[PDB]
Amino acid sequence: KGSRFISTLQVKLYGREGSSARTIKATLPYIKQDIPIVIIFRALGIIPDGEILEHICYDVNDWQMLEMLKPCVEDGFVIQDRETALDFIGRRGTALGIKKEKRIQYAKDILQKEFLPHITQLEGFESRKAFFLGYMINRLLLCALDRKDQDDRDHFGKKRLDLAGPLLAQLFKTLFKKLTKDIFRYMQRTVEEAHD
Amino acid sequence: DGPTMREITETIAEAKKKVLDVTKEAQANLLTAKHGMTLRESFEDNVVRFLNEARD
Amino acid sequence: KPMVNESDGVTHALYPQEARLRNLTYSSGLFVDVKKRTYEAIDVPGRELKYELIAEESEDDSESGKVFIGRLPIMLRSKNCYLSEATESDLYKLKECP
Amino acid sequence: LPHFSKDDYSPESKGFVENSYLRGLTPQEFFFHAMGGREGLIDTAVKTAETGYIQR
Amino acid sequence: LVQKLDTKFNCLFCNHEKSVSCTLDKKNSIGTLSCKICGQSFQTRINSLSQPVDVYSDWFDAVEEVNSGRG
Amino acid sequence: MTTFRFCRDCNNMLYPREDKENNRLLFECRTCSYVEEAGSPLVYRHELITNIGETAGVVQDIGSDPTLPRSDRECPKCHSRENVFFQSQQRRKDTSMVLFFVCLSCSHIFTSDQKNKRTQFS
Amino acid sequence: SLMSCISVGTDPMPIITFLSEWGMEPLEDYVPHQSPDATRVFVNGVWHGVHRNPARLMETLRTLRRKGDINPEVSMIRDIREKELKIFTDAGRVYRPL
Amino acid sequence: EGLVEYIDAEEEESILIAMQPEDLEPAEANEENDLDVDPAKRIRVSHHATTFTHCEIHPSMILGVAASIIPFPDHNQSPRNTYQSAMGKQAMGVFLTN
Amino acid sequence: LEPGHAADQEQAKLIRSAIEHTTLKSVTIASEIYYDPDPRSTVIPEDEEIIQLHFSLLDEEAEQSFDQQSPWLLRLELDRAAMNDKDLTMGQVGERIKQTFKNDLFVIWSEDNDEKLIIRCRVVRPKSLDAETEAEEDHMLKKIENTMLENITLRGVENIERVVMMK
Ligand SMILES: [Zn+2]
Ligand SMILES: [Zn+2]
């Protein structure tokens, strides 16, 4: 729509089949380090286990994917409450300036306005983004299980061309932002800038 | 001339038939993977060799 | 529409041929409307000054008027170009190539 | 190519060019030959500078 | 498995941006936030996911809950 | 998860705390008190050479796919001369080029392999 | 290429309303183990719900596009094997006439 | 009218295109024997499928502006075609009437 | 090859076998951990014949003790075709495991002719399992499986992959 909220989201699988591939962690915007998937799911409102597995794996008979997910739950068992997960994420975020609520507000802001921005401005994010993150992890595991091949960059359908329209659009967005900031500077500087 | 064009066409058709027979063998799982190569690489090697022989 | 403001202060409709010959950018002005809502100081001791609603009560909006943001360069034959609607008999009348 | 059914390993569907240059190329053979030519051109462009660096 | 680290968190009764230490015994899942200037300790639990940043910040939350210092 | 195992009153995940005195394998939610006895000796299976996912994606209307190729192989249990076939859907390099078929009137999967049957009954 | 064209973009809201009116169950009411065979309909990479009868929905969408009710540039893909229905309406997509 | 499409690279993965309208005739699918065995024509692969969804408007529309002025580009080899496409922009000629 | 063995064929194959690196992971189909408190028998009829084969051989040995007996079964099912290709028998793999697990893993063998190439293993923990199949932590068995499938060089030279004999 114009803000573009450009912030890459990455879900990573660690080690290897005989190594830290056991666990899965994700990177959030404006967060110091990555976090395991299960803590994020609990922060989004999916408290019980299984339900998180409902979101991630769409077929219980697919026992291999749940085997791969085992260590994620074995690592997330520590956190059990939504506010606890939000505290964890916010605390990992940055310095503990918000001592009162333990950075709950910061984590809420990040997970509402910067986590998967192409869905935002909606308290239903709790469920929508949770489902989309489950889809992300499902794709990751499917690739890791050799069910599907590695995604190809060269596919011409995965690319877009910025013709005169979008290029002038971003350029003019920057210039108009500069102009509005200058107008605001004149407002703040000059009392009764209204007429001037 | 015409006769050599027909001979070339027969050569290419024989190569195509050999490639088809190899494909049928591979799809029936009867093909034996060449040592040092899995089934797919052996099949591709055989097909490319046949086509190159046909061109030559 | 595309225009040029001469050094003499007289604005004149600009066409691509003159733009190319005179080294003038082919562009058209950007005019926008700017609402001007003024909330005069309320000077109401108490929580009223803590409420911006009381400032809203002091609302006094004046005329906006078209404000000249700048000039947007315009590509030729675009909907705003002078040549977009020109026919063949006009394309070479303006010394432009059909 | 979107003109072939999925999972096709036939010679015509994977780059083989039956025809000659005198006889012509069908659109698919034309595109595959363009693929090969592009590979060759990229290789030449890379060598143009890599070999010079080795020389120096 | 014993971790002690100094970081950028301030020194409260002791006014220094870098003077905050700690100890972390992961065998018993116990540790304490150690103040190299204001001193004594801040004993509490440890979690398997408790990184030293998490140690410091969560235990600082507990400090405000108790209105104590950073060690 | 080779089976289903979740606390009935917490939906959390159970893990194998064997009961030493009874010599029985027992499961109980770590964060709850519900207790459940193991119903099968299997607790772990790591499959290296897999025969799973070869035919993944067969749906009620795979026949409607225009891109997939079609043949005339006779359905073994239907004798229908129409079907749509494809190769194994797992992307392991060493996978064989065996074909899988699908009877358009039966939803029955038959393979071209001369030594093994469909994935579900190989 | 000669006949190639680049999409300029369209508002997805009308298409989302079309999808909702045509039986697209929202995510909030989605449960994987009650409709395991349901597809995943979505527009511009935003998972918008699930449809249990993808064939009929795809036929309707194609008919609407060919009738003009949907801007022809709007690209829709059905992945029969992966149980996903995709739609794209943003700009920058290079398409061709057939 | 529903006679042509706008197929994107992402959508063209799910379709099956015919190279030319002749690929659709039932004769090619069924009539394996014919007297048109002119040995001077390209060897064209026979009719392979029957689930076509679209048909190419025409080959040779896969070429660009500089390539589509080459006579018989399918009798050359690709490097020659690329060289010609590069060197056609240097040919002297009338770039405009004005 | 040496001058006296170059002209021949099977000796070249023997050199190939001596050089080529091969591990259990290259011949194992799947590895499963099973619950089975019984140290001498099993609740699984499938492995009953194999246990009986070694029941008269292993369980009949002098100085029987349960210190090497655990209620957990680390059942590995190998690939007959792969073992035949590598000229491997249950023997070789068994004594390699023993070398890596001299007395830390009681290992049972399946008859080569059996269609189920099974390596029935139990955890070893003296002073706790001496007269009981105490429930050893499964993570111990998982680590043991990792060591078997990664750190066990059945035969060959380390860092020497497929060896291609040619003339
Ligand atoms: Zn519970
Ligand atoms: Zn049938």
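So basically every Cβ, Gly included, is an ideal-geometry build from the backbone, and we count neighbours across all protein chains shown. What follows draws every value from the coordinates through simple rules; no lab data is involved.
Principal semi-axes of the equivalent ellipsoid, √(5λ) from the alpha carbon gyration tensor of segment G:9-90, are 21, 13, 11 Å from largest down. If only the Cβ of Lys and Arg carry +1 and only the Cβ of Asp and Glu carry -1, the dipole of chain E around its Cα centre is close to 320 debye. Of all the options C:85, C:57, C:18, the one that moves most in a Gaussian network model of chain C with Cα springs shorter than 10 angstrom is C:57.
Taking every DSSP beta bridge that has both residues in segment G:9-90, what percent is antiparallel when rounded to the nearest 5?
Within segment G:9-90, antiparallel bridges account for around 75 percent of the total.
Entry note, chain D: the mean residue ellipticity at 222 nm calculated from DSSP H runs of n ≥ 4, each adding -39500 (n - 2.57), is -18500 deg cm²/dmol after division by the residues and rounding to the nearest 500.
Database remark: amide H of residue A:13 closer than 5 angstrom to no amide H (H placed geometrically; neighbours at sequence offset of 5 or more, or on other chains; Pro and chain starts carry no H).
Work out the length of the dipole vector of segment F:2-46 about its Cα centre, built from +1 on the beta-carbon of each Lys and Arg and -1 on the beta-carbon of each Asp and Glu, and round it to the nearest 20 debye.
Numbers: 7 positive and 7 negative charges, 40 e Å.
The dipole of segment F:2-46 has a size of about 200 debye.
Phi angles across segment A:90-104 convert, under the Karplus curve 6.51 cos²θ - 1.76 cosθ + 1.60 with θ = phi - 60°, into 3J(HN,Hα) values of x, 4, 4, x, 7, 4, 7, x, 8, 6, 4, 8, 6, 6, 4 Hz, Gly and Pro given as x.
3J(HN,Hα) couplings calculated from phi for segment F:107-122 with the Karplus curve 6.51 cos²θ - 1.76 cosθ + 1.60 (θ = phi - 60°) are, in sequence order, 6, 9, 9, 10, 9, 7, 5, 8, 9, 8, 9, 4, 4, 5, 9, 4 Hz; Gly and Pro show x.
Could you pull out the longest piece of chain H with no exposed loop GluC sites (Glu not before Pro) in it, calling a site exposed if DSSP puts it outside H, G, I, E, B and it has at most 16 other Cβ atoms within 10 Å?
Details: sites that count: H:1, H:31, H:32.
Excluding the exposed sites themselves, the longest stretch runs over H:33-98.
Cα centroids of segment H:28-55 and segment G:23-53: 43 Å apart.
Site-free segments of chain A were taken between GluC sites (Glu not before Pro) in DSSP loops having at most 15 other Cβ atoms within 10 Å, sites themselves excluded; the longest one is A:18-100. For chain A, what percent of Cα pairs sit more than 27 Å apart? Roughly 45 percent, once rounded to a whole number.
Spatial offset of segment I:125-160 relative to segment E:20-71 amounts to 38 Å, using the alpha carbon center of each. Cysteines in the protein assembly as shown lacking any other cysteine Cβ under 4.7 Å from their own Cβ: A:57, A:72, A:143, C:81, C:97, E:22, G:5, H:55, I:121.
To the nearest 0.05, how large is the calculated FRET efficiency for residue E:47 and residue A:5 if R₀ is 35 Å and r is the Cβ-Cβ distance?
That pair, residue E:47 with residue A:5, gives E of 0.60.
DSSP assigns beta bridges within the protein assembly as shown; of those with both partners inside it, close to 95 percent run antiparallel.
Only DSSP H runs of four or more residues enter the estimate; each adds -39500 (n - 2.57), and after division by the residues of chain G the mean residue ellipticity at 222 nm equals -7000 deg cm²/dmol. Taking a ≥ b ≥ c as the square roots of the eigenvalues of the alpha carbon gyration tensor, the protein assembly as shown is oblate, as a/c is not under 1.5 and a/b does not beat b/c. Summing charges over neighbours of residue C:25, with a neighbour being any other residue whose Cβ is under 15 Å away from its Cβ, gives +2 when K and R count +1 and D and E count -1.
Relative to the longest principal axis of the C-alpha atoms of chain H, give the angle of the C-alpha long axis of helix H:78-87, reported between 0 and 90° and rounded to the nearest 10°. Computed tilt is about 40 degrees.
Just flag the trypsin sites (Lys or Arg not before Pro) in segment A:1-50 sitting in loop per DSSP whose Cβ has no more than 16 other Cβ atoms within 10 Å. Kindly include the intermediate steps, with their values, before the conclusion.
On the way: sites: A:1, A:4, A:12, A:16, A:22, A:25, A:32, A:42; in loops: A:1, A:4, A:16, A:32.
Sparse-neighbourhood loop trypsin sites (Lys or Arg not before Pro): A:1, A:4, A:16, A:32.
Are there GluC sites (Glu not before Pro) in segment I:111-167 that DSSP marks as loop and that have at most 13 other Cβ atoms within 10 Å, and which are they? Hits after loop and neighbour filter: I:115, I:137, I:158, I:161.
Using a simple charge model, +1 on the beta-carbon of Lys and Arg, -1 on the beta-carbon of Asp and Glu, nothing else, what dipole does segment G:9-90 show about its Cα centre, in debye to the nearest 20? Don't skip to the end; give the middle numbers.
Values: 11 positive and 13 negative charges, 80 e Å.
Magnitude of the dipole: close to 380 debye.
In whole percent, what relative contact order does chain C give with Cα contacts below 8 Å and a gap of six or more residues? List each step's numbers first, then the result.
On the way: 133 pairs, mean separation 27.8, N = 98.
Reported as a whole number, the value is 28 percent.
Extending 7 Å from Cα along the Cβ direction at residue C:42 and again at residue B:7 yields two label points whose distance is 10.4 nm.
Quick one: Cα convex hull volume of segment F:2-46, Å³ per residue? Intermediate values should be presented prior to the final figure.
Details: hull volume 3.7 nm³, N = 45.
For segment F:2-46, the hull spanned by Cα atoms encloses 83 Å³ per residue.
Put a dot 7 Å past the Cα of residue C:97, heading toward its Cβ, do the same for residue E:13, and the two dots end up 8.6 nm apart. The distance separating the Cα centre of segment C:31-53 from that of segment A:94-145 comes to 37 Å. Summarising the label geometry, the points placed 7 Å from Cα in the beta-carbon direction at residue H:1 and residue I:99 lie 8.1 nm from one another. Take the Cβ atoms of residue A:182 and residue C:78, set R0 to 30 Å, and the FRET efficiency comes out at 0.55.
Estimated from the Cβ-Cβ distance and a Förster radius of 22 angstrom, the FRET efficiency linking residue A:21 and residue A:59 is about 0.55. Between the helical axis of D:27-55 and the longest alpha-carbon principal axis of chain D there is an angle of about 10 degrees.
From the mean inverse distance of alpha carbon pairs (Kirkwood) and the Cα radius of gyration, derive Rg over Rh for chain C. Intermediate values should be presented prior to the final figure.
Working: Rg = 23.4 Å, Rh = 17.4 Å.
Radius of gyration over Kirkwood radius for chain C works out to 1.35.
Please give the length that would be gained between residue I:167 and residue I:150 if that part of the chain were fully extended, namely 0.36 nm times their separation in residues minus their C-alpha to C-alpha distance (nm, one decimal). Before the final figure, lay out the partial values.
On the way: separation 17, 0.36 × 17 = 6.12 nm, distance 3.30 nm.
Roughly 2.8 nm would be gained on extension.
Angle between the Cα long axis of helix E:52-66 and the longest principal axis of chain E, 0 to 90 degrees, nearest 10? With rounding to tens, the tilt is 60 degrees.
Here segment E:42-66 is scanned for amide nitrogen atoms under 13 Å from the site 7 Å beyond the Cα of residue E:5 along Cα-to-Cβ, giving E:49-58. Under the combined filter of DSSP loop state and at most 15 neighbouring Cβ atoms within 10 Å, segment I:83-150 retains these trypsin sites (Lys or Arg not before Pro): I:102, I:116, I:127.
Rounded, prolate or oblate: which fits chain H when a ≥ b ≥ c are the square roots of the eigenvalues of the alpha-carbon gyration tensor, with rounded for a/c under 1.5 and prolate only if a/b beats b/c? Don't skip to the answer; put the middle values down first.
Numbers: a/c = 2.67, a/b = 1.56, b/c = 1.71.
Oblate shape, in that a/c is at least 1.5 and b/c is the bigger or equal ratio.
Counting DSSP beta bridges with both partners in chain C, what percentage is antiparallel, nearest 5? Here the share of antiparallel DSSP bridges comes out near 100 percent.
Give me the net charge of residue C:93's neighbourhood, meaning all other residues with Cβ under 15 Å from the Cβ of residue C:93; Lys, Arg count +1, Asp, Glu -1. All intermediate terms of the calculation are to be shown ahead of the outcome.
Numbers: positive: C:95; negative: C:18, C:85, C:88, C:90, C:96.
Value of the local net charge: -4.
Over chain H, what is the mean sequence separation of C-alpha contacts under 8 Å (at least six apart), divided by residue count, expressed as relative contact order in percent? Intermediate values should be presented prior to the final figure.
Values: 52 pairs, mean separation 27.8, N = 98.
Across chain H, relative contact order equals 28 percent.
Ordering G:94, G:26, G:8 by Cα displacement along the dipole of chain G toward the positive end leaves G:94 in first place; charges were set at the Cβ atoms of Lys, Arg (+1) and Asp, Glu (-1).
Only one residue of A:93, A:164, A:137 has its Cα farthest out toward the positive end of the dipole of segment A:90-196, where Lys and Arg carry +1 and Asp and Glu -1 on Cβ, and that residue is A:93. Here the relative contact order of segment A:1-136, from alpha carbon pairs under 8 Å that lie six or more residues apart, stands at 26 percent. Along the axis of the charge dipole computed for chain I (Cβ charges of +1 for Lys and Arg, -1 for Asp and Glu, origin at the Cα centre), the listed residues I:121, I:55, I:83 are led at the positive end by I:83.
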